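> experimental coordinates for this protein are included below, preceded by the sequence.
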Amino acid sequence: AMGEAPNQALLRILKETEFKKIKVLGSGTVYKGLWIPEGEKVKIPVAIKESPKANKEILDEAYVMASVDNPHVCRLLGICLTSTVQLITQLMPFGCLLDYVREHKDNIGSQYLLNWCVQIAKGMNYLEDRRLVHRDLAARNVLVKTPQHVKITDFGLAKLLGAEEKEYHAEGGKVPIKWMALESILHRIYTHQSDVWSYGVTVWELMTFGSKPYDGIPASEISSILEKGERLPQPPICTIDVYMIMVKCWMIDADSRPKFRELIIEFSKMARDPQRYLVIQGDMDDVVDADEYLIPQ
Ligand SMILES: COc1cc2ncnc(Nc3ccc(F)c(Cl)c3)c2cc1OCCCN1CCOCC1
Ligand code: NA
């Protein structure tokens, strides 16, 4: 019986003249640039993302990204209507967390790993409060603002649940199989609890310092592996306490898996005694970051 409330997010349309590209970051192509609005004496570092069937997907993505506002989720600064539609967002200078953990494998300690798990769970809990199923959570879709501050991005697959709707039922469409809950593979059902499965895989990627899950197994074999009860193995650095959390994320009964709000509590506790839980060897004047550039709502 609960109804739906209005979404009064403001979609800001940026003029192409207001921002300068600088370099490519990966060709979907994403550029790094500088946005210099109105007559404001500020310069904001941005990332800039860019056949009729595809502009619909980029506008669904802009819709979601314009509707989120949390320190651990990436939000839209605005869109630019060129030949192709561009999404403009805060530059996350250290890039994606997957690459970051691979590049700094030898220097990442237990405090960082556990704090990232907390922050990812915070962002995901926020998305859950907004009734959004992300559907593509993975370390490649977490971005690094600084080593101490990460945010979830890439809302290309995300879906808004009705006020009294548990599930999104997908049609066909490519979905990254190695991060998907078993029920999503077999039945195309997605929920907040399927996102929790992906979260566990994401934690595993972190705790192996960026290993590929089920490395060298074809995606078409993953369903039958999971059905037999096999799961990703215990990373070497992980105590049983940390692995148990991961394993719980990969239970067959979706409602048995932890909730994001529980994951925040559990990883917060572990971050206070990090070496109890992970055993790890060797443990421009007018530039404004977009977190200090506030746009009325
Ligand atoms: C400094 O690097 C980035 C900062 C970023 N800052 C903000 N957003 C990014 N991506 C992004 C993601 C979704 C969006 F809607 C928009 Cl507008 C942008 C960013 C992507 C970035 O790089 C993506 C790097 C992808 N690597 C680069 C090549 O190696 C494999 C994948
Ligand atoms: Na230690």
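The structure has been received and is ready for your questions. Numbering: from 1, shown residues only. Ligands and ions are numbered 1, 2, ... in the order given.
> distance of residue 184 from ligand 1?
Distance, residue 184 to ligand 1, using C-beta to the nearest ligand atom, to the nearest Å: 22 Å. Where C-beta positions appear, they are placed from N, C-alpha and C, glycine not excepted.
> and the stretch 101-250 of the chain, which residues reach ligand 2?
Not one residue of the stretch 101-250 of the chain sits near ligand 2, judged by C-beta under 5 Å from the ion.
> switch the cut-off to 8 Å
residue 110 (C-beta under 8 Å from the ion).
> and the residue in the stretch 151-297 of the chain that ligand 2 sits nearest to, helix, strand or coil?
Residue nearest to ligand 2 within the stretch 151-297 of the chain: residue 275 (3.8 Å; C-beta to the ion). Put simply, residue 275 is helix when judged by DSSP: H, G, I helix; E, B strand; the rest coil.
> shouldn't it be in contact with residue 282?
No. Residue 275 is beyond contact range of residue 282, at 11.8 Å (criterion: C-beta atoms under 8 Å).
> more neighbours, the two?
Shown here are residue 275 and residue 282; by other C-beta atoms under 10 Å, residue 275 has more neighbours (12 against 7).
> check the gap between the more buried one and ligand 1 for me.
Applying C-beta to the nearest ligand atom, the value for residue 275 to ligand 1 is 31 Å.
> show me the contacts for that residue.
By C-beta atoms under 8 Å, 6 or more residues apart in numbering, the contact list for residue 275 reads 110, 283.
> please redo it, this time with the cut-off set to 10 Å
109, 110, 111, 239, 283 (C-beta atoms under 10 Å, 6 or more residues apart in numbering).
> now which of those residues would you call buried?
For the contacts of residue 275, a neighbour count by 16 or more other C-beta atoms under 10 Å gives the buried set as 110, 111.
> list the ones among the contacts of residue 275 that fall in strands.
Under the assignment DSSP state E, those contribute nothing to strands.
> now the terminal residues of stretch 17-34, how far apart.
11 Å (C-alpha to C-alpha, to the nearest Å).
> got the buried residues for that stretch?
18, 19, 25, 31, 32, 33, 34.
> and the stretch 151-297 of the chain, which residues reach ligand 1?
For the stretch 151-297 of the chain, the contact set with ligand 1 under C-beta under 6 Å from any ligand atom comprises 153, 154.
> how about 5 Å then?
By C-beta under 5 Å from any ligand atom, the residues of the stretch 151-297 of the chain that approach ligand 1 are residue 153.
> just to revisit the earlier point, mutual contacts of residue 275 and residue 282, please.
Between them, residue 275 and residue 282 share these contacting residues under C-beta under 10 Å, 6+ apart: residue 109.
> can you give me the helices for the stretch 151-297 of the chain?
182-187, 192-207, 222-227, 240-249, 260-271, 274-277 (DSSP state H, counting those that start in this stretch).
> can you list these in a markdown table and add distance to residue 233?
Listed next are the helices of the stretch 151-297 of the chain as a markdown table, based on distance: least, C-beta to C-beta, whole Å:
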| stretch | distance to residue 233 |
| --- | --- |
| helix 182-187 | 17 |
| helix 192-207 | 9 |
| helix 222-227 | 12 |
| helix 240-249 | 9 |
| helix 260-271 | 20 |
| helix 274-277 | 18 |
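> looking at the contacts of residue 275, which is nearest residue 65?
residue 111 (29.9 Å; C-beta to C-beta).
> check whether stretch 25-38 contacts ligand 1.
Yes. Against ligand 1, stretch 25-38 shows contacts by C-beta under 5 Å from any ligand atom at 25, 26, 30.
> can I get these in TSV with secondary structure?
Below are these laid out as TSV (three-state DSSP):
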residue	secondary structure
25	strand
26	strand
30	strand
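> could you dump these into TSV with distance to ligand 2 added?
Shown next, in TSV, are the residues of stretch 25-38 next to ligand 1 (distance: C-beta to the ion, whole Å):
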residue	distance to ligand 2
25	35
26	35
30	37
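> of the residues you listed, closest to residue 131?
Nearest to residue 131 out of the residues of stretch 25-38 next to ligand 1 is residue 30 (C-beta to C-beta; 27.5 Å).
> please name the nearest non-neighbouring residue to the closest one.
Excluding its sequence neighbours, the residue lying closest to residue 30 (C-beta to C-beta, 6 or more residues apart in numbering) is residue 49, at 4.9 Å.
> contacting residues around the one you found?
Going by C-beta under 10 Å, 6+ apart, residue 49 touches 25-26, 28-31, 58, 61-62, 65, 76, 79, 85-89, 153-154, 156.
> could you rerun that using 7 Å?
With contact taken as C-beta atoms under 7 Å, 6 or more residues apart in numbering, residue 49 is in contact with 30, 86, 87.
> likewise for residue 91?
32, 45, 46, 47.
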